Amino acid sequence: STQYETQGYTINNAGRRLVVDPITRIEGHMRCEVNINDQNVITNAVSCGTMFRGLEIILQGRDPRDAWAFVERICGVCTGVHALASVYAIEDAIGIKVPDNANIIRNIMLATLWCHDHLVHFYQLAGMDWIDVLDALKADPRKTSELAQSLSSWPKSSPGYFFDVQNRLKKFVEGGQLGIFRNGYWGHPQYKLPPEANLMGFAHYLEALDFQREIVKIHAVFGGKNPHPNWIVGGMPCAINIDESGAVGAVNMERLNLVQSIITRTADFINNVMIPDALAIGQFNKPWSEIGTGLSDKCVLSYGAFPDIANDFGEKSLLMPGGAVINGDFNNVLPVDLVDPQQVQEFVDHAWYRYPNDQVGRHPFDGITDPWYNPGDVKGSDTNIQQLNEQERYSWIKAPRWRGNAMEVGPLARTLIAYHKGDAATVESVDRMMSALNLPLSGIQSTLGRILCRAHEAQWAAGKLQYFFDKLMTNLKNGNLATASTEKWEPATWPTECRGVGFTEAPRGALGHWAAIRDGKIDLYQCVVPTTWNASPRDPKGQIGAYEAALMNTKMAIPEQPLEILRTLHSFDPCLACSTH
């Protein structure tokens, strides 16, 4: 066994090795291994992406106008965010400006994704780490009603309703066909909610499963379908016609009425169901404000998102702030430049890829995706991994760094950046949220904090949906209907050689697509995706990524039942298909 120091951690692979493969309630394929010491505390953590498809290779030789459709399929969970990054990148390379309505509709598509993705993560993915579903069978329906009504104005709270939900769960379980609840961690000492809160949470899990389907109707109106809506280089294909013949064939007043009804219902549900539930999870699980800090008090990264001035990606335009903090110095939020070769680099010395020199990091404009499955000496074989060898190559995920620093991205990262740049709404909201929990600000830098920021973001996004919709309606009232710019649609109008960057904040964090065009085709297309950052393997200095750091130092009550591991990993909302692409 070996031991070394990095980023204030002691990485020690002595002691019992635990394997969790598959990681479930995530998108895609992940393996996690840890070592624990005699006190059942994690002294080593290993994050492994167990899938690869090779979209960067597949995109070579494609028409730049087609790229968005291919890269959208990097991910069906964060559906649409890769298409947005792609059209941004191609427009940046060619020199295309879109009309104001196109930009507003794209912002609507993104804010709709944030609301949907965050809501489903909270309930369907992470929820069962916090809510003991079986324990809901012990709840008093009247006490559950009283609890619900003390937390929220949400109408659906009658004793009879909670009794009906409970009875349905009882019949479901009674026959022995427990489906998604089978062989769970129910009864684990880390489940701390009383029975009434478990029943309330389970009822809301079901309400959210129903409701989430409605949110994406916004994507259907502007983008044809969800999952995987459509887009174009130059704007959006959803032509608008309000008051002329043929409005039946376009986005008209009835279609906009539908969009408005969805926005209102989406805000209502997030504000009155998800927000109180997140705060309740906080109230009953305060020790988790001190677990899973990882890199969140050291290094955090945001590119920024939601340009409010069409075609302006500068600080004055982006409604969601960008910037970087390193070395725990939150008093100095640093500017990020995605073209600067000394900033974003990816390393593969611990990943399954070939570089001519694996001791150096490559900026994505110099990126290489040459897969090389070489796990070295595992316990087992090449086709039977008993233990990954984290001293050599152990993941399909590349290792991104920023100026050589390992960074956390996502809702917590963004919140810290906005807070520390002095965004007044963020400061007010964060301070009030921590006050309500009687916790210090530092309590946000934790596994619990990631969950609280994610919920806060769903609220912020639902508010911005209305803002963008009103912006759209204002243009329409002024007779501004344009949704596409086609001046440079034809390949004959493009530079023979050009390159561009498209960036945004996906639900899970900082997203970039780097594209080079030559002779009307994609010459290079490199993606660095939020879960690539967070689930990163080690670099030549042995620096650990966000997941590995967040797992370090964690006490497990029962080694064989990885609930604490699942809690912290799920708090990042891992998307493995995104991470590997």
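Note that residue numbering begins at 1 and tracks the sequence as displayed.
**Student:** Looking only at CA atoms, which has the higher mean B factor in the entry: 338-346 or 424-432?
**Tutor:** The entry gives the higher C-alpha B-factor average to 424-432.
**Student:** Check the entry's C-alpha temperature factors for 297-305 and 206-214, then say which stretch has the higher mean.
**Tutor:** Here the higher of the two C-alpha B-factor means belongs to 297-305.
**Student:** Choose from 441, 90, 320, 274 the residue with the greatest Cα B-factor as stated in the PDB record.
**Tutor:** Largest recorded C-alpha B-factor: 441.
**Student:** Highest Cα B-factor in the PDB entry belongs to which of 234, 463, 502, 361?
**Tutor:** Result of the comparison over 234, 463, 502, 361: 361.
**Student:** Taking the chain's C-alpha temperature factors as the reference, tell me which third residue 227 falls into: lowest, middle or highest.
**Tutor:** According to the entry, residue 227 has a C-alpha B-factor in the chain's lowest third.
**Student:** What third of the chain, by the recorded C-alpha B-factor, contains residue 558?
**Tutor:** Within its chain, residue 558 is a highest-third residue by C-alpha B-factor, going by the deposited values.
**Student:** By the recorded C-alpha temperature factor, relative to the other modelled residues in its chain, which third is residue 569 in?
**Tutor:** Residue 569: CA B-factor falls in the lowest third of its chain.
**Student:** Could you place residue 116 in the lowest, middle or highest third of its chain by Cα temperature factor, using the values in the record?
**Tutor:** Its C-alpha B-factor, which the entry lists for residue 116, ranks in the lowest third among residues of this chain.
**Student:** Test of reading the entry: by CA B factor among the chain's modelled residues, which third contains residue 65?
**Tutor:** Ranked within chain, residue 65 CA B lands in the lowest tercile.
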